[PDB]
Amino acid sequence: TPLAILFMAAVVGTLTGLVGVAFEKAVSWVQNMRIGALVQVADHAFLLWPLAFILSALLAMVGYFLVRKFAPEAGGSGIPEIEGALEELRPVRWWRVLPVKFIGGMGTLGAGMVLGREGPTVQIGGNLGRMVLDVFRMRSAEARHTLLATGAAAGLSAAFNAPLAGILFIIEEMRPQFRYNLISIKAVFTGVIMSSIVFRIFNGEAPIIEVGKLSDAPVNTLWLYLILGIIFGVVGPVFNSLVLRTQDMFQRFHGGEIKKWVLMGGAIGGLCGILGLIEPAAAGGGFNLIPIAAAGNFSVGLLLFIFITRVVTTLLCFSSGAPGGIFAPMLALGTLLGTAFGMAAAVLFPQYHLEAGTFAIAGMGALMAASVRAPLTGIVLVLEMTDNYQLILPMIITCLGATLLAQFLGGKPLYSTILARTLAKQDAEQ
């Protein structure tokens, strides 16, 4: 039995890596199309503005459609659903999710909306686990939860090419802490390592995000990151509040009727088509080009301006209900705000000879740490992506600080809240 699981775990890990890489290029292409066909009519504005809006607006509707029609549970993140699956409180209908999630996400993210690939991959992988589990007629609690977990782990792993963060996210956030789930971390890790291998086979060494080697963080500077951490400690809960509000707002709008939902979906999707060409920092998955530029140099206000247009943009796309993630998007917000802070810090304290870069990094994982409450995952994730270990303290101070203050301030873990709302809404409706 154990070797079987171990073996199966490894299979799910590999599959998830393939599907993941697949989705990741499948999204790039749809983007390449929309961009290569938008460069054609680029001659005159008479047909540039229209296409821009139409393409993404249409690609978005595709997404919203498939979800609302075939698989409702493929909307939004997906992580909350997988958590629900592990808790034996939510189904895993891969037969309609895998297709929907993949194609829908392909539309929505391809449209240029502000959503991440992690949400989708982690759920796809979560389901792949289940699938495999069923096409092998395995029915032990151990097998069920371990493979479901491996999928989830390997998924996030593949979304950021971050093996460590992958299991950390399972250990820290995915698995129901207060339960005997019978999940085998060693097995899950085996899956995660597989997916990482696949990732390498298809993308080589080259990391996703690429910062250089930033400066050091002398002791006499750490207090600043504490202050920076508090700022996120206040914004984190506030952000979850808005996510939940805005989510309600849309319900009142479409009442949940497909016709309407899909329509504003095209609306919201199109808005990202327009921003796409006029001030791009406002749209896009996020790190796609931002963390890197933010760790270079920018204007406090310009930086602080992008931050706000991105807050509204992410809230729209995510709350709307489209398949996609709030995770990655939050890492961008974090870097933005962290770079603004640090930008000011340098000026306000010349004696330190600071660099907004360090703060961009320090804050990269903090927003997510105050909203989702995965301090450890946030920190390690950032480490693997930016590889600047000389900033481990600033990173831990800022991220932990935000998390401490986020609870002390009334905040709740985002995923835990969204799941809560779905389990609440569930028994209620029915």
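Numbering starts at 1 and runs along the sequence shown.
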### Task
Between 256-264 and 317-325, name whichever shows the higher mean Cα B factor according to the PDB entry.
256-264
### Task
With reference to the PDB entry, specify whether the mean Cα temperature factor is higher for 142-150 or for 200-208.
200-208
### Highest recorded Cα temperature factor - choice among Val372, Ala42, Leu381, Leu393
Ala42
### Query
Among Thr190, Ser157, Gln251, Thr339, which residue carries the highest C-alpha B-factor recorded in the PDB entry?
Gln251
### Summary
Of the three thirds of the chain ranked by Cα temperature factor, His353 occupies the highest
### Query
If you rank every modelled residue in this chain by C-alpha B factor, which third holds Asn297: lowest, middle or highest?
highest
### Ranked against its chain, the third holding the CA B-factor of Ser195
lowest
### Task
Please rank the C-alpha B-factors of the chain's modelled residues and tell me whether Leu55 sits in the lowest, middle or highest third.
highest
### Query
By the record's CA B-factor, is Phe307 among the lowest, middle or highest third of residues in the chain?
middle
